[PDB]
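Chains as they are written, first to last, in the authors' numbering: chain P, 25 to 58; chain K, 194 to 239; chain O, 18 to 304; chain R, 196 to 244; chain A, 502 to 723. Even for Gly, the Cβ is constructed at its ideal location relative to N, Cα and C. Notes follow the structure.
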Amino acid sequence: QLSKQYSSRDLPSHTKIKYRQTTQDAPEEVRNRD
Amino acid sequence: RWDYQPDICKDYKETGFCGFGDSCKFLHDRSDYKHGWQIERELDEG
Amino acid sequence: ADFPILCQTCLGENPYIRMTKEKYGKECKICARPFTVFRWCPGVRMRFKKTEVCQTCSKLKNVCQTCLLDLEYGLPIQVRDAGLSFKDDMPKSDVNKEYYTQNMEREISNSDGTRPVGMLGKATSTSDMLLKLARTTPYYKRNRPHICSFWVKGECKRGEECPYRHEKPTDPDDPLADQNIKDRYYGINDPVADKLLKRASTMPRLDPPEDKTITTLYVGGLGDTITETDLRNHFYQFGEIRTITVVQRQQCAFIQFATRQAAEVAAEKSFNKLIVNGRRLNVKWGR
Amino acid sequence: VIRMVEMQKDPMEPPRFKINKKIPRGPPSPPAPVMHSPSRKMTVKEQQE
Amino acid sequence: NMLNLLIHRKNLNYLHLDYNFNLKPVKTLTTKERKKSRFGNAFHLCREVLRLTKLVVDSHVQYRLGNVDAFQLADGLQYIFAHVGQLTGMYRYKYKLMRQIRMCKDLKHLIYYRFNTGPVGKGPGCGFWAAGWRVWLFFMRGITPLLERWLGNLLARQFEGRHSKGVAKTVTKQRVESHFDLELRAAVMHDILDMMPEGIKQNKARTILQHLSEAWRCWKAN
RNA sequence: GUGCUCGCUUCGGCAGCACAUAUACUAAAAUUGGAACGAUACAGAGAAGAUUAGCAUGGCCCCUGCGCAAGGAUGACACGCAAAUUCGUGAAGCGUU
RNA sequence: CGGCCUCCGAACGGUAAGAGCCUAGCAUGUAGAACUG
Ligand SMILES: O=P(O)(O)O[C@H]1[C@@H](OP(=O)(O)O)[C@@H](OP(=O)(O)O)[C@@H](OP(=O)(O)O)[C@@H](OP(=O)(O)O)[C@H]1OP(=O)(O)O
Ligand SMILES: [Mg+2]
Ligand SMILES: [Mg+2]
Ligand SMILES: [Mg+2]
Ligand SMILES: [Mg+2]
Ligand SMILES: [Mg+2]
Ligand SMILES: [Zn+2]
Numbered sequence: 025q026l027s028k029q030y031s032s033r034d035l036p037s038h039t040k041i042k043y044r045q046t047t048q049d050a051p052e053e054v055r056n057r058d
Numbered sequence: 194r195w196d197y198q199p200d201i202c203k204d205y206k207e208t209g210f211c212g213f214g215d216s217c218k219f220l221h222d223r224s225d226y227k228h229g230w231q232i233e234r235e236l237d238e239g
Numbered sequence: 018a019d020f021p022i023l024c025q026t027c028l029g030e031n032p033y034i035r036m037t038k039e040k041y042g043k044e045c046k047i048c049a050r051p052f053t054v055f056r057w058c059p060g061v062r063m064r065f066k067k068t069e070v071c072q073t074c075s076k077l078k079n080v081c082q083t084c085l086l087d088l089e090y091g092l093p094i095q096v097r098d099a100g101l102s103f104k105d106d107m108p109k110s111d112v113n114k115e116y117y118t119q120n121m122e123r124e125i126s127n128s129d130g131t132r133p134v135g136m137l138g139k140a141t142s143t144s145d146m147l148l149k150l151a152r153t154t155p156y157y158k159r160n161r162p163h164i165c166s167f168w169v170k171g172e173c174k175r176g177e178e179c180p181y182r183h184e185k186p187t188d189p190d191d192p193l194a195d196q197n198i199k200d201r202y203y204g205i206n207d208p209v210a211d212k213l214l215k216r217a218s219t220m221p222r223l224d225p226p227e228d229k230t231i232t233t234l235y236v237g238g239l240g241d242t243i244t245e246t247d248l249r250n251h252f253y254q255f256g257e258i259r260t261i262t263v264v265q266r267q268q269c270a271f272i273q274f275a276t277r278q279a280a281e282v283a284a285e286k287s288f289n290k291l292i293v294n295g296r297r298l299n300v301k302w303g304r
Numbered sequence: 196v197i198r199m200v201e202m203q204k205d206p207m208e209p210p211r212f213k214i215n216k217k218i219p220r221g222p223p224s225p226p227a228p229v230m231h232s233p234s235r236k237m238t239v240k241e242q243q244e
Numbered sequence: 502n503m504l505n506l507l508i509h510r511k512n513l514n515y516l517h518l519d520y521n522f523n524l525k526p527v528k529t530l531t532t533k534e535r536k537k538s539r540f541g542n543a544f545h546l547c548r549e550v551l552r553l554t555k556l557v558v559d560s561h562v563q564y565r566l567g568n569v570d571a572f573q574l575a576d577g578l579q580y581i582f583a584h585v586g587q588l589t590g591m592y593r594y595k596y597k598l599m600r601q602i603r604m605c606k607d608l609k610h611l612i613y614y615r616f617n618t619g620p621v622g623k624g625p626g627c628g629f630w631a632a633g634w635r636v637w638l639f640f641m642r643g644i645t646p647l648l649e650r651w652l653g654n655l656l657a658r659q660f661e662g663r664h665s666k667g668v669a670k671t672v673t674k675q676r677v678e679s680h681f682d683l684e685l686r687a688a689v690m691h692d693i694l695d696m697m698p699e700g701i702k703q704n705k706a707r708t709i710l711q712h713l714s715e716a717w718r719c720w721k722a723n
């Protein structure tokens, strides 16, 4: 029972996740740090 | 087009009295009179 | 669904059956909600059928999702239930029925897809009454079309392609005419079911005698392929027998019993159907 | 051995069924057992405090 | 046909949509009908876009029926596109149209004040309708997904039903004080009157809440 | 049905080869059942003395709206209020005399 | 050698709410269909 109604806000948007890069603070450097 | 519904404060028209008084955003008018479509329809059915 | 649930009659004859599927095709008049619809080509120039009840609405009472009759016997559900002495509490009103259907699907979700839920197994003692009212061959008149109302007034000008059997229409004065599908499913006053009741009431069964001390039972139509120990093994562990007279000058028998209810069990279950080595014996209480 | 075919859905077809049906919520679960410490009734003094 | 089916499926017998796509009532409508028969920017934006295309098609029908002319057809088309403002009345349903309407005026100015460079007169004999045609076509490029979404939702709500069951409405500007109090007095009822009781009986939470509201009135009155 | 057999073999057919391969909610119907917010009429408007603004909570109530916005008499309904509770009634049960 | 020229309109908020009542529509187009010695 899945309706066909819909929303302006549920349109696709921000569809890639920004992954935390090498310089910012990756879980790797958190693995290291003192 | 034809601008169909005139603005006839129906409380006034039927009972001579509108609770809003001066601010009634409609036309204080007790005049019975054949409308813009009544006559058309009756004549064509005639 | 995986596929429908219907009897052989509704199911078809050709080895290769052709049925088209539509997901969420229409509304089970029982579960009231969307179901899948599989549509099967019944027979040559025979009306294409379609699945007509939710598969859960089916596993509820264990009947045919198209043919509407039980899947083991194949008699009206009122009948089959009563032949198991079965008494279902299925709710009827709108809100009550929706709540019932919802929790029913929840409870059936915990099943393995093999057999109907609930008393449908604890009533599985299919009584010889049901066995005997059960039809034998595929009454395949079901897949013949309607009465081509044109062809009933004359009008069916499409040649032989009248979409419906151009015969004489049944006088709806017959109780076998207007049985509302919902009522037939609810076991609600099915006149065809009352006809099956009258038939299984008039159908021959063994008669009881008057005095308790008539514990001699005459079995008519024996023949000379029978033994006294074979008459025994017919009526021996079904209680205790006291004596037996195998009348070979009249081709009958007479079991004097040691338990009256045991005699009743053996004989009444044996009425015309105690078929050992193929001879139609008649179980009665002797003189 | 049976051939299933999927029947076309018509594109210009509105929804078919009244979805918005309200009923109460179904009965919950088999209640858990209350594995509580021994509970103490309070003095009437405490009660008035 | 589509729009009439919509009305008459909604059971609005007292309204009738005529052939230039004006909606006109055939009675005097009571309140309940005045209200039940209201329509929104989806319905009216289609109505008026259909009216624009019908005016275009019917200028072409006049020409091919043979009444007018090639030149009269071109000038009429130029008119229609420049004057969309006073033929249709779409601006009232998407007031962002006046982007387009100002664009067609500006074109109208450019084309004309270069068109009459010589003896040519400042009168009706100018149909050069490439530009406004472009304009309204881009407007349509944009409006088709919007209207598809709005009309899908209108139809869905028409055939399934409106879901008043799981709405979950935001807290906007008029429910800010009401909501602060829902949650203040919920928090109280969680907070002590059920997690520092030992008033075993029935913890009189309904009365500790009455204190709380009188403590507030007394703070406010000093 | 279309062609070709070096087919009989005449220009009649017969035949063989090839090629060509499974439509369809069968129905012009006949049914069968509910609403039209329309008449009809009855009805007949929150809080505090009067006259009135609203915003919410609850849910087998919805309506208009694209709407998670807004409106529909604050949309309607919510109405006994139970409730313990203050004294005694009693019964059950454990312990003392 | 100088050129500088905003705007523009529709809806809700406004002419109660109701139960009954009665009848078009609008939907359905289905399922089935009988037996013996
Ligand atoms: O109604 P509009 O589309 O805005 O245009 C008309 C008109 O032209 P159209 O009626 O044929 O479009 C005039 O232009 P002429 O035909 O007289 O050349 C006039 O121009 P002026 O005002 O400069 O005299 C002006 O059009 P424009 O936008 O070019 O001014 C006027 O509309 P407005 O006077 O409101 O602009
Ligand atoms: Mg008051
Ligand atoms: Mg509101
Ligand atoms: Mg008000
Ligand atoms: Mg108001
Ligand atoms: Mg409210
Ligand atoms: Zn007034």
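Counting C-beta neighbours from all protein chains within 10 Å, is the total for residue i 16 or more, i.e. buried, or is it exposed?
i      : result
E684/A : exposed
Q25/P  : exposed
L611/A : exposed
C719/A : exposed
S287/O : buried
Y90/O  : buried
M121/O : buried
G229/K : exposed
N160/O : buried
Looking at the structure shown, is residue i part of a helix, part of a strand, or coil, going by DSSP?
i      : result
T262/O : coil
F616/A : helix
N299/O : strand
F640/A : helix
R658/A : helix
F629/A : coil
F55/O  : strand
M36/O  : strand
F271/O : strand
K606/A : helix
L220/K : strand
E52/P  : helix
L147/O : helix
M63/O  : strand
Between residue i and residue j, is the Cβ-Cβ spacing less than 7 Å?
i      : j      : result
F582/A : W630/A : yes
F252/O : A283/O : yes
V636/A : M604/A : yes
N505/A : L513/A : no
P209/R : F660/A : yes
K609/A : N617/A : no
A210/O : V96/O  : yes
Below 7 Å on C-beta distance, what does residue i contact in chain R?
i      : result
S27/P  : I214
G662/A : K213, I214 and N215
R35/O  : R198
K666/A : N215 and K217
Residue i versus chain P: which residues are under 9 Å apart at the beta carbon?
i      : result
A543/A : By Cβ distance, chain P contributes nothing, its closest Cβ being about 13 Å from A543/A, past 9 Å.
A657/A : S27, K28, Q29 and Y30
Closer than 9 Å by beta-carbon distance: list the chain A residues that pair up with residue i, in chain order.
i      : result
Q242/R : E699, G700, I701 and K702
Using the beta-carbon of each residue, which ones in chain R are nearer than 9 Å to residue i?
i     : result
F20/O : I197 and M199
For residue i, go through chain A and note every residue whose CB falls closer than 7 Å to its CB, in chain order.
i      : result
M237/R : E699 and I701
Run through chain R and tell me which residues come within less than 8 Å of residue i, C-beta to C-beta.
i      : result
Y116/O : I218, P219 and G221
- Item | Contact residues within the region 508 to 537 of chain A, judged by C-beta distance below 8 Å to chain K | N521, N523, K525, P526, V527, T529 and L530
- Would you list, in chain order, the members of the region 633 to 655 of chain A that have their beta-carbon closer than 7 Å to a beta-carbon of chain P? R650, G653 and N654
- Message: For the region 196 to 223 of chain R, list every residue whose C-beta sits within 8 Å of some C-beta in chain P, in sequence order.
- Response: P210 and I214
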